[PDB]
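Asks: The structure under discussion is supplied below as structure tokens; questions concerning it will follow.
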Amino acid sequence: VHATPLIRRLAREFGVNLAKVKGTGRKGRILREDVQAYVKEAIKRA
Amino acid sequence: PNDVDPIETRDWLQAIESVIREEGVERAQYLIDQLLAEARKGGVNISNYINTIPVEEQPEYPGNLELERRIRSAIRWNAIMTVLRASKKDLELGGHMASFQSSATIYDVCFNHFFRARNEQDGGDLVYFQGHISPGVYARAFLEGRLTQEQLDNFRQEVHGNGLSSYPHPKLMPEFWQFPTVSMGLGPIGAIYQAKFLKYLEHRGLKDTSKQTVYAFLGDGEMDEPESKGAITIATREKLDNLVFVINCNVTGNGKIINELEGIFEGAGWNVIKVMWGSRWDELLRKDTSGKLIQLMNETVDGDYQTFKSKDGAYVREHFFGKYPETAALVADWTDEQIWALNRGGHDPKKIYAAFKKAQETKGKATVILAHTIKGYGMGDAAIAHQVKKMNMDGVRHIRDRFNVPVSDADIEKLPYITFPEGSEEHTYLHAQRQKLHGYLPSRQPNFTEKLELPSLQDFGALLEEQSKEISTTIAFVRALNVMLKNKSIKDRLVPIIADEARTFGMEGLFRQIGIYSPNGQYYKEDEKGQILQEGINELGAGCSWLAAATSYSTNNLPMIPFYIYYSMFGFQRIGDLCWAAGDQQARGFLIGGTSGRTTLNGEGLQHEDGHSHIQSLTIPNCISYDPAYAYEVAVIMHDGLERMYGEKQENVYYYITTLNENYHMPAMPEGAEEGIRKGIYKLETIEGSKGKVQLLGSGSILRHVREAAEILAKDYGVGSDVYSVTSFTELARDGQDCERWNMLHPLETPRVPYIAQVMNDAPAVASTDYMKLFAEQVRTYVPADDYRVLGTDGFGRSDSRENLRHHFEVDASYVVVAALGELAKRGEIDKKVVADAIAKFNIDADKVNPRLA
Amino acid sequence: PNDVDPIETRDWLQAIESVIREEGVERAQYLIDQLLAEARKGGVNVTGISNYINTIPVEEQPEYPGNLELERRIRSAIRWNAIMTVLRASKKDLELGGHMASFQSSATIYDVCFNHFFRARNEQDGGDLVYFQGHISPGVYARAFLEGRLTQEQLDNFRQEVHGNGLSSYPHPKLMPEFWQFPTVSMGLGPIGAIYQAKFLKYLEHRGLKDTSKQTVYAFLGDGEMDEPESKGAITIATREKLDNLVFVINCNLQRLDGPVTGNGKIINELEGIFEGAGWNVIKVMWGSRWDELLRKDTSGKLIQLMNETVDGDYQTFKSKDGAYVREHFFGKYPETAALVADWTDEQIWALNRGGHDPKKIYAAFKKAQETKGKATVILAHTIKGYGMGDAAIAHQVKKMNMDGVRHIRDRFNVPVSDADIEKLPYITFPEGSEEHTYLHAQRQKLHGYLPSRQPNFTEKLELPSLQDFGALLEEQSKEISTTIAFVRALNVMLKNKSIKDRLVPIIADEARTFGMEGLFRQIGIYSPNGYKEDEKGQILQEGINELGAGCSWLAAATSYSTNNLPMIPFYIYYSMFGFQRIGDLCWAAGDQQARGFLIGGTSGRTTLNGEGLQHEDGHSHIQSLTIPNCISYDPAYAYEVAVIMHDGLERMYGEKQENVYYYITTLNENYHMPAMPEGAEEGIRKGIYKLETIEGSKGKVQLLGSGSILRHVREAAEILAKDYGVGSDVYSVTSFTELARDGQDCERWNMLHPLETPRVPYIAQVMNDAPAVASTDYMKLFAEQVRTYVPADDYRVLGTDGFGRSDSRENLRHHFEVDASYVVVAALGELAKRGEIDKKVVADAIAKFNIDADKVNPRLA
């Protein structure tokens with residue numbers, strides 16, 4: 001699992017498991033947009 | 001083209017910013033150090049070459065800088081005058097000047113604002129001054145009115161009593177110097193265990209030493225000594241926030257010694273404070289937005305920094321600041337003289353003060369101050385001050401000019417001392433600063449004030465009687481400790497020190513009873529109130545704990561009685577220079593050479609079998625050495641030592657007792673043997689024999705074999721004997737040497753008879769010990785017999801049974817018998833065939849190689 | 001606290017690890033530099049301790065090249081025979097000793113090395129130089145026995161070597177000169193010795209004397225031994241001198257002999273911190289393979305956190321208990337770590353192994369050390385104290401006829417010994433044609449043979465300089481010189497000899513100006529391969545303020561004749577006081593290692609180094625040096641004596657005799673008249689004494705003895721006695737009081753053991769006569785008094801420098817220590833007055849005339 005310490009800190013605050021989100025970054029890095037897309041799809045599960 | 005990926009880097013840089021909000025700086029440093037350690041394993045990769053304390057965090061200097069430079073310039077001058085006047089004598093006296101010139105300002109800030117002299121609460125700060133800066137200490141003491149011009153004029157001429165020692169030697173100046181430091185490497189390790197000992201006294205509730213600081217002043221070159229950095233992790237383990245190492249960096253060619261020292265001390269858990277640049281650099285450093293000056297400072301190496309100390313301001317502008325346009329712009333408006341005036345940190349009192357203040361505030365670890373100075377500062381080109389003998393004077397002229405010394409051109413050839421008169425601004429200030437810091441430093445109290453109610457010899461009672469079971473002299477030693485641990489006056493003053501192996505010396509009994517000192521928070525006691533000092537596989541560290549305890553009577557007016565037990569081989573042989581420094585520091589304690597004797601520690605071999613520590617120990621003038629054979633001898637020797645050192649006599653002497661790991665019959669003390677035991681020899685027995693008479697001497701484990709030979713000589717050969725227990729061959733040789741010295745110098749007077757010649761008679765004598773032949777041979781001149789044959793364990797040790805090693809080293813009962821019969825055969829008292837038959841009978845190989853050559 | 005937030009630390013450390021999986025190392029460095037640059041709004045620092053896990057992950061671990069099952073079988077036989085050797089010695093009930101627990105914890109570390117790394121002595125070089133832990137010697141003997149190098153007879157005589165059919169307790173080359181090479185049982189001396197051994201091998205290559213490039217110096221240490229100042233005090237030298245030929249193997253069983261090293265802390269972190277800060281490559285071998293999945297599968301990082309926070313104390317407690325205890329007190333600390341082993345059995349948890357017991361983990365460390373360049377590597381191996389012994393580590397219950405401990409060890413390591421044969425304490429051997437015998441020998445043949453082994457002598461023939469080659473030193477000196485000037489001139493004579501010139505190793509501990517060595521600096525250079533004629537081809541070794549370091553360079557050079565079959569002649573000059581007193585234990589180890597070189601105690605004598613005082617004035621180094629059986633000590637007074645002594649030393653040690661002895665010569669910083677050598681004095685100079693002169697006198701006769709700087713004062717006293725008192729004398733130069741005492745002791749030992757034969761006369765009793773004698777030296781009275789028994793005179797008065805030194809002129813010190821001409825005269829007249837040859841008033845009057853204070857305090861007490 002490849003992510004910046006900013007995205008890793010963002011995932012711990014919102015309770016996002018970065019092993020459950022696919023990264024579309026430079027070398028498969030999980031970006032801010034990737035975590036946003038994962039949270040957006042999880043809200044639909046209501 | 002710039003780089004690759006700008007966002008990722010934006011995330012990384014902003015995340016460290018959002019760490020300084022979640023209480024960073026300290027949290028940010030912990031994250032950076034753990035990120036750097038995980039980076040190392042991946043294949044990646046010390047602070048900047050600038051001051052640790054920025055101006056922003058620097059305290060206001062409390063002193064009067066102009067008055068202080070005036071006083072310091074007179075200390076500098078009188079230090080140079082002392083050495084030059086000694087040099088004029090042309091008696092090869094010696095003395096250093098460059099060393100004190102580079103560190104004068106460091107010591108000055110300390111004397112004016114930090115060093116606490118002996119006071120009401122404690123012994124004050126314990127300073128390990130660099131040995132070589134002694135003329136600087138004397139020059140200040142003279143200005144303070146503690147030393148006379150006559151004393152200064154007799155620097156390094158102390159035989160006739162009106163002079164000064166070359167270096168810090170308490171034995172020579174017992175009211176002035178406190179800690180020997182000349183022998184490099186011994187000061188830093190001594191200071192580590194001194195600081196540790198002060199913590200031990202507080203935790204044990206014996207003295208509030210909390211306001212005390214141990215200062216160890218070192219040079220960068222001295223740091224190459226294994227002893228200088230070999231024990232620095234102990235300061236971190238024991239949280240010695242009462243220890244300050246001051247390293248004067250004026251050693252490593254291409255590299256930087258300041259970075260080597262910072263690297264190892266930081267890795268060892270110490271707080272490192274770099275005092276790199278003086279206040280003049282601050283204008284340039286603060287105006288530099290590019291960070292090019294810090295970069296320039298970092299890339300410039302040690303070798304290139306001493307090249308820029310032998311040119312001019314125009315050079316520096318071009319070959320330093322001229323390296324980058326950013327740095328060239330910083331001094332574009334500066335003159336060459338203004339650039340040349342840029343100072344090193346260790347020469348600026350403001351930077352020096354900030355370091356010592358931050359050290360004082362730091363808790364949980366020791367601090368190391370790395371001070372950047374100039375070698376032979378303000379001396380110009382003499383670094384060659386031998387030119388005074390050639391009558392040049394241009395060098396003296398230069399230092400007078402450099403430090404604006406109030407000495408005329410005419411008076412300069414007289415080499416005059418400078419003084420501040422009563423009533424002057426300088427005299428007032430000099431004394432006022434020291435009075436605020438509780439008086440003068442260095443100073444020493446030669447004796448302790450309290451009266452200890454020591455145990456009597458009768459208190460050892462049971463040891464003086466016959467033993468029910470076979471025991472060793474090490475068991476006897478531990479039982480004497482238990483007797484002292486019952487005495488209300490000295491029980492909590494005893495400092496048992498062990499260098500790992502406790503099981504070997506049967507100390508595990510005491511572990512439950514008094515505990516092991518452990519100042520940290522984790523069947524027997526292992527807490528901060530623990531009395532025993534466990535130092536691990538570290539004889540030098542244990543010796544340094546022993547030295548601090550043994551000199552506590554003077555340092556803190558708190559007598560502490562240490563007992564350091566270890567494998568005898570790793571005493572004087574391994575920590576010999578520390579035992580010399582201990583003698584010099586007037587140490588009062590006991591060194592217990594356990595598992596001693598070449599043949600007794602039988603299975604251990606070459607590097608453990610000690611048959612010579614007594615030959616090493618006899619070289620120390622104030623070390624009293626004994627090799628007792630019986631338990632009662634141990635009790636009498638230990639009681640006398642205690643009374644001599646910690647009784648009202650207060651004898652500046654320390655004891656060395658070799659103890660054994662072999663058990664045998666321990667008889668009762670003969671009535672009146674006390675004097676003989678203490679003096680070194682006493683007649684144990686007289687065995688009857690009609691065919692002849694001999695004298696048999698023995699000590700330690702070999703005495704019982706000498707006693708066995710006396711029975712053989714009587715039963716099998718009809719040879720009678722006078723059997724003697726020699727508790728100290730060394731004290732008997734010293735007594736003999738003393739009587740003969742007296743007899744030589746008093747030719748008109750009746751000669752004095754050595755104590756050994758009073759106890760012994762003219763009958764042929766044989767001596768046998770577990771030590772080399774010289775141990776027993778040393779009394780030859782004073783033995784009143786025609787023949788005195790000595791048996792000993794000369795040669796390298798080896799592994800075997802005690803029986804086989806005693807035959808190999810030719811010291812057993814059979815060799816004593818053959819030696820005795822041989823003397824009587826020479827005298828014609830017995831046939832030569834008797835001796836030749838005994839050699840065969842006792843299975844002695846007369847033609848085996850000399851054990852020394854084996 | 002000590003962690004603040006360890007979950008945030010996990011995120012940061014997981015971000016750089018993932019950056020390295022994103023074409024890192026280069027990208028990782030650029031990000032770390034931009035990170036640290038941004039630390040402008042904060043601070044910067046060097047400690048840097050990594051996680052309490054293996055340095056080398058499985059991903060980067062090389063393929064194990066050996067046959068693990070065959071190796072396990074061979075290792076169990078080594079383990080068994082090591083335990084059998086010690087137990088059989090114990091059965092004798094002779095307090096012989098021996099260790100078992102120590103080798104049990106480190107057996108697998110040595111095994112991987114013997115099977116895949118240790119190079120034995122070969123054609124190109126002396127192979128790998130291994131500093132084995134002293135205590136693991138039964139393990140080395142047990143392997144040597146399986147290799148067929150030692151017999152069962154030798155194992156049965158372990159620690160019973162007096163009768164020649166046995167084995168030494170520890171590595172002692174003097175006792176086993178064809179087996180052991182480096183003494184290590186005196187802790188702390190092995191690591192510092194190894195540092196300067198590695199440095200010396202580089203010196204031989206740079207100087208073009210031997211290609212030592214394929215040799216590695218291995219120093220095997222225990223974590224407790226690291227407390228010795230000598231163990232870490234010189235570790236920055238390995239970084240300075242780029243010693244990538246040095247490997248420190250620290251066995252961290254987290255204990256010493258009286259409990260743990262640092263219970264409240266973590267000795268592996270302390271060692272990693274200081275060694276990393278000292279510029280070394282640190283490789284931690286923490287956990288075995290049974291831990292690999294647990295670590296890989298743990299996303300929480302709670303196991304690594306738990307591993308980091310658990311102190312040495314807890315880890316010791318854990319291995320003293322059971323699997324049930326570890327589940328609750330280790331893994332039970334966190335829900336994440338408790339879940340990891342929730343389905344594991346207590347036996348399954350207890351099976352989790354330490355790195356230092358896994359050959360795969362050990363091999364990876366030694367391979368990465370082998371690859372590392374520019375610095376030395378320290379391997380921190382995590383092991384269990386008394387591994388596979390089952391608490392009783394008390395296995396000397398065999399005397400009680402209890403073999404329950406022996407059975408457990410047999411079971412634990414699946415040893416092929418029956419229950420019936422276990423009481424016999426049998427040795428195991430692999431026969432010719434067995435898989436194990438073949439493999440055991442095949443691995444060692446690939447690595448050029450057996451280790452350890454020693455060559456007692458060098459093969460080449462050196463064409464040494466003659467005594468006549470020193471020529472000018474044997475003649476009278478034009479100007480006043482010192483015996484240190486004489487020493488440097490003798491070096492120049494040897495630097496002219498084609499055979500030994502490039503073999504000379506002059507070693508100096510900083511202060512070269514004091515010993516006038518600055519001349520040689522521009523002639524032969526200072527060895528400086530990293531940082532004037534200071535280059536890699538430099539011949540002089542300058543070691544700075546570091547006597548022990550210089551002594552360790554001297555020891556490496558003095559034993560190069562054996563280690564590399566390359567005789568090197570070292571000359572270590574230093575302040576005499578900081579010799580045997582300061583590096584004494586190294587001088588004993590040098591004896592054991594059969595060192596052949598010269599120790600030059602410069603600025604010697606109590607009164608001669610006059611201004612320096614108490615901690616410099618040496619009047620006793622000769623009393624310390626005489627305790628070493630194979631040290632030959634001299635205190636020459638004249639320049640020709642220095643030449644004769646140095647020539648003889650060279651001939652004895654590096655000539656065809658090849659004498660396992662080393663020399664100690666005290667030299668001086670005082671200049672005086674140096675006369676020519678008397679015809680035929682060569683034998684007397686070498687042996688220790690010779691008659692210099694006979695001065696005529698009608699009123700009586702005395703014998704006057706002197707050495708070093710004080711001889712010229714005794715000679716002055718001889719002129720005074722003759723001119724003013726009419727007393728004639730025999731004047732003697734005593735070049736060695738110690739060699740004369742040893743010769744005397746030898747003759748008397750022989751005379752004692754041969755009562756039916758004519759007694760042998762000591763050499764001093766052959767040279768000297770019955771006339772009253774006076775001796776005076778710059779050393780304490782015992783130096784001259786030691787020959788008393790062998791001096792053939794009724795009276796033998798000794799003057800010496802007993803007592804602490806102090807600062808003054810040489811004149812004032814010589815009067816204070818009562819050794820000058822005035823005290824020699826008063827001592828001589830006093831003997832003749834006792835004999836009735838002169839009046840007692842003449843002695844009295846002399847005391848007043850010579851300004852002698854008869855009642856001043858004894859210099860020993862002053």
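If you're wondering about the labels, chains in the structure tokens are A, B, ... by order shown, residues count from 1 in each chain, ligands from 1 in order shown.
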If you run DSSP over the backbone, which residues in stretch 135-340 of chain B end up helix (DSSP H, G or I)? Put them as JSON, numbers by chain.
Replies: {"B": [135, 136, 137, 138, 139, 140, 141, 142, 143, 149, 150, 151, 152, 186, 187, 188, 189, 190, 191, 192, 193, 194, 195, 196, 197, 198, 199, 200, 201, 202, 203, 222, 223, 224, 226, 227, 228, 229, 232, 233, 234, 235, 236, 237, 257, 258, 259, 260, 261, 262, 263, 264, 265, 266, 267, 279, 280, 281, 282, 283, 284, 285, 286, 287, 292, 293, 294, 295, 296, 297, 298, 299, 302, 303, 304, 305, 313, 314, 315, 316, 317, 318, 319, 321, 322, 323, 325, 326, 327, 328, 329, 330, 336, 337, 338, 339, 340]}
Asks: Write the residues of the selection above to a file with C-alpha atoms, as a short mmCIF file (atom, residue, chain, number, x, y, z; two decimals), in the first residue's frame.
Replies:
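Contents of result19.cif, freshly written:
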data_model
loop_
_atom_site.label_atom_id
_atom_site.label_comp_id
_atom_site.auth_asym_id
_atom_site.auth_seq_id
_atom_site.Cartn_x
_atom_site.Cartn_y
_atom_site.Cartn_z
CA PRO B 135 49.81 27.91 34.86
CA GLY B 136 46.41 29.50 34.07
CA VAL B 137 44.91 28.19 37.35
CA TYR B 138 47.99 29.37 39.32
CA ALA B 139 47.91 32.83 37.59
CA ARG B 140 44.22 33.27 38.72
CA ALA B 141 44.96 31.95 42.26
CA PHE B 142 47.82 34.55 42.46
CA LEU B 143 45.45 37.40 41.39
CA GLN B 149 54.97 35.77 43.63
CA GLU B 150 57.60 33.51 45.37
CA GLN B 151 55.42 30.42 44.64
CA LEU B 152 54.88 31.46 40.98
CA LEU B 186 41.67 8.95 33.10
CA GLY B 187 39.91 12.33 33.71
CA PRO B 188 36.80 11.69 31.47
CA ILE B 189 36.15 8.12 32.83
CA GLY B 190 36.97 9.27 36.42
CA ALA B 191 34.44 12.13 36.02
CA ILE B 192 31.70 9.75 34.69
CA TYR B 193 31.97 7.52 37.84
CA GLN B 194 32.41 10.60 40.10
CA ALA B 195 29.05 12.01 38.82
CA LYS B 196 27.51 8.49 39.28
CA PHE B 197 28.84 8.34 42.88
CA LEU B 198 27.27 11.74 43.75
CA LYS B 199 23.86 10.33 42.59
CA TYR B 200 24.51 7.18 44.75
CA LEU B 201 25.04 9.41 47.85
CA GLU B 202 21.69 11.22 47.22
CA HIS B 203 19.63 8.05 46.52
CA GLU B 222 42.80 13.23 24.40
CA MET B 223 39.50 11.77 23.04
CA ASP B 224 41.60 9.19 21.09
CA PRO B 226 39.97 4.32 24.68
CA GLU B 227 39.13 5.41 28.30
CA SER B 228 37.83 8.83 27.04
CA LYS B 229 34.79 7.47 25.09
CA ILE B 232 30.19 7.37 27.75
CA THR B 233 27.03 5.08 27.45
CA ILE B 234 27.15 4.78 31.32
CA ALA B 235 26.24 8.52 31.61
CA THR B 236 23.04 7.82 29.56
CA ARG B 237 22.19 4.57 31.47
CA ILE B 257 36.66 15.81 14.58
CA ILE B 258 33.70 18.02 15.75
CA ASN B 259 31.36 15.82 13.60
CA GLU B 260 33.00 12.57 14.81
CA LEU B 261 32.53 13.62 18.46
CA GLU B 262 28.93 14.83 17.84
CA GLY B 263 28.09 11.54 16.04
CA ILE B 264 29.34 9.16 18.77
CA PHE B 265 28.13 11.30 21.76
CA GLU B 266 24.67 11.79 20.14
CA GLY B 267 24.54 8.03 19.37
CA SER B 279 28.61 36.85 17.97
CA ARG B 280 30.20 38.67 15.00
CA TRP B 281 28.86 35.89 12.65
CA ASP B 282 25.21 36.47 13.79
CA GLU B 283 24.73 39.57 11.54
CA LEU B 284 25.84 37.55 8.49
CA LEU B 285 23.95 34.34 9.44
CA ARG B 286 20.62 36.18 10.15
CA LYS B 287 20.76 38.30 6.93
CA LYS B 292 24.42 29.48 1.39
CA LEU B 293 26.51 30.58 4.43
CA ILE B 294 25.38 27.46 6.39
CA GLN B 295 26.09 25.33 3.24
CA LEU B 296 29.57 26.98 2.87
CA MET B 297 30.28 26.37 6.60
CA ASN B 298 29.22 22.72 6.22
CA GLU B 299 31.34 21.93 3.11
CA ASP B 302 38.99 20.87 9.43
CA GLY B 303 42.11 21.15 7.21
CA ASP B 304 40.67 24.15 5.28
CA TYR B 305 39.71 25.92 8.59
CA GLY B 313 40.92 39.22 5.59
CA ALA B 314 41.30 39.72 1.82
CA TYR B 315 41.89 35.92 1.43
CA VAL B 316 38.77 34.91 3.45
CA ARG B 317 36.59 37.33 1.36
CA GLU B 318 37.70 35.55 -1.82
CA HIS B 319 38.23 31.85 -0.75
CA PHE B 321 32.60 34.25 0.99
CA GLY B 322 33.72 34.45 -2.67
CA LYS B 323 32.67 30.73 -3.13
CA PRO B 325 27.46 35.17 -4.94
CA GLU B 326 24.99 35.05 -1.96
CA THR B 327 27.84 34.84 0.63
CA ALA B 328 29.97 37.39 -1.29
CA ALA B 329 27.06 39.88 -1.04
CA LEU B 330 26.87 39.34 2.78
CA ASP B 336 39.05 43.07 5.24
CA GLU B 337 39.81 43.87 8.93
CA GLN B 338 36.05 43.47 9.73
CA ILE B 339 36.00 40.02 7.96
CA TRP B 340 39.28 38.99 9.71
#
Asks: Name all residues at most 9 Å from residue B:440 (count only C-alpha atoms; drop same-chain ones fewer than 2 positions away) and give them as a list in words.
Replies: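 Listing them by chain and then by number gives residues 116, 117, 118, 141, 144, 146, 431, 434, 435, 437, 438, 442 and 443 of chain B.
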Asks: From the options A:25, A:14, A:7, A:19, which residue's atoms come nearest to residue A:39, counting only C-alpha atoms?
Replies: A:14
Asks: What are the nearest atom pairs, with distances in Å to one decimal, for all residues of chain A that come at most 8 Å from chain B, using only C-alpha atoms, set out by chain and rising residue number as JSON lines?
Replies:
{"residue": "A:4", "atom": "CA", "partner": "B:11", "partner_atom": "CA", "distance": 6.6}
{"residue": "A:5", "atom": "CA", "partner": "B:12", "partner_atom": "CA", "distance": 6.5}
{"residue": "A:6", "atom": "CA", "partner": "B:15", "partner_atom": "CA", "distance": 5.5}
{"residue": "A:26", "atom": "CA", "partner": "B:5", "partner_atom": "CA", "distance": 8.0}
Asks: Just asking: which residues within stretch 449-692 of chain B are strand (DSSP E or B) according to DSSP, as a ChimeraX atom specification?
Replies: /B:471,494-498,516-517,526-527,532-534,561-567,590-594,623-626,654-658,664,681-687,692
Asks: With only C-alpha atoms as the counted atoms, please give the residues lying no more than 10 Å from residue C:94, apart from itself and same-chain residues fewer than 5 positions off, as a compact mmCIF listing (two decimals) with N, CA, C and O atoms, in the first residue's frame.
Replies:
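So the final result, stored in selection_34.txt, reads:
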# COMPACT_ATOMS: atom_id res chain seq x y z
N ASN B 602 43.65 -22.56 39.54
CA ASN B 602 44.28 -23.66 38.81
C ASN B 602 43.78 -23.96 37.40
O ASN B 602 44.60 -24.30 36.55
N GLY B 603 42.47 -23.95 37.18
CA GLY B 603 41.94 -24.34 35.88
C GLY B 603 41.85 -23.25 34.84
O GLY B 603 41.71 -23.54 33.65
N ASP B 800 45.52 -26.80 35.05
CA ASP B 800 45.70 -28.13 35.67
C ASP B 800 45.12 -28.13 37.09
O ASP B 800 44.51 -27.15 37.49
N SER B 801 45.31 -29.24 37.84
CA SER B 801 44.89 -29.35 39.23
C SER B 801 45.84 -28.51 40.09
O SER B 801 46.95 -28.20 39.64
N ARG B 802 45.42 -28.15 41.31
CA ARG B 802 46.26 -27.36 42.21
C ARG B 802 47.54 -28.16 42.54
O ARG B 802 48.62 -27.57 42.58
N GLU B 803 47.42 -29.49 42.70
CA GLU B 803 48.53 -30.42 42.98
C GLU B 803 49.57 -30.41 41.87
O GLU B 803 50.75 -30.28 42.16
N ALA C 89 35.71 -33.43 32.58
CA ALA C 89 36.65 -32.65 33.39
C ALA C 89 36.09 -32.42 34.80
O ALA C 89 36.83 -32.49 35.79
N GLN C 160 44.04 -29.73 31.68
CA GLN C 160 45.08 -30.52 32.37
C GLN C 160 46.24 -30.62 31.38
O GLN C 160 46.43 -31.66 30.74
Asks: Would you mind telling me which residue in C:229, C:24, C:584, C:700 lies nearest to chain A when using only C-alpha atoms?
Replies: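 Once distances to chain A are computed over only C-alpha atoms, the minimum belongs to C:24.
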Asks: Would you work out the distance separating atom CA of residue C:52 from atom CA of residue C:321, expressed in Å to one decimal?
Replies: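 Going from atom CA of residue C:52 over to atom CA of residue C:321, I get 21.5 Å.
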Asks: List the spatial neighbours of residue A:18 as a list in words - criterion: any atom at most 8 Å away, only C-alpha atoms, same-chain residues fewer than 2 positions off excluded.
Replies: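 Surrounding residues, per the criterion: residues 1, 8, 11, 16, 20, 21, 30 and 35 of chain A.
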Asks: Please produce a file of those selected residues containing C-alpha atoms, as a compact mmCIF listing (two decimals), in the first residue's frame.
Replies:
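Just written: again.txt:
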# COMPACT_ATOMS: atom_id res chain seq x y z
CA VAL A 1 0.00 0.00 0.00
CA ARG A 8 -2.20 8.14 5.46
CA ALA A 11 -7.36 7.93 6.12
CA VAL A 16 -10.55 4.77 5.70
CA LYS A 20 -9.39 -1.27 0.39
CA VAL A 21 -8.82 1.68 -2.09
CA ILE A 30 -3.24 6.52 -3.37
CA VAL A 35 -9.94 8.31 -0.96
Asks: Applying 10 Å and only C-alpha atoms, which residues near residue C:386 remain after dropping the ones on its own chain fewer than 2 positions away? List them as a PyMOL selection string.
Replies: chain C and resi 100-106+253+383-384+388-393
Asks: Output the contact residues of chain C with respect to chain A at a cut-off of 8 Å, based on only C-alpha atoms, as a PDB file with C-alpha atoms, in the first residue's frame.
Replies:
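The resulting selection_36.pdb:
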ATOM      1  CA  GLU C   8       1.568   8.404  13.511  1.00  0.00           C
ATOM      2  CA  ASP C  11       2.278   6.151   8.907  1.00  0.00           C
ATOM      3  CA  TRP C  12       5.484   8.171   8.386  1.00  0.00           C
ATOM      4  CA  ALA C  15       5.296   6.329   3.665  1.00  0.00           C
ATOM      5  CA  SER C  18       6.412   2.741   0.008  1.00  0.00           C
ATOM      6  CA  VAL C  19       8.447   5.642  -1.577  1.00  0.00           C
ATOM      7  CA  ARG C  21       8.797   0.783  -3.747  1.00  0.00           C
ATOM      8  CA  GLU C  22       8.268   3.879  -6.065  1.00  0.00           C
TER       9      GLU C  22
END
Asks: So how far away is atom CA of residue C:359 from atom CA of residue C:71, in Å?
Replies: 9.6 Å
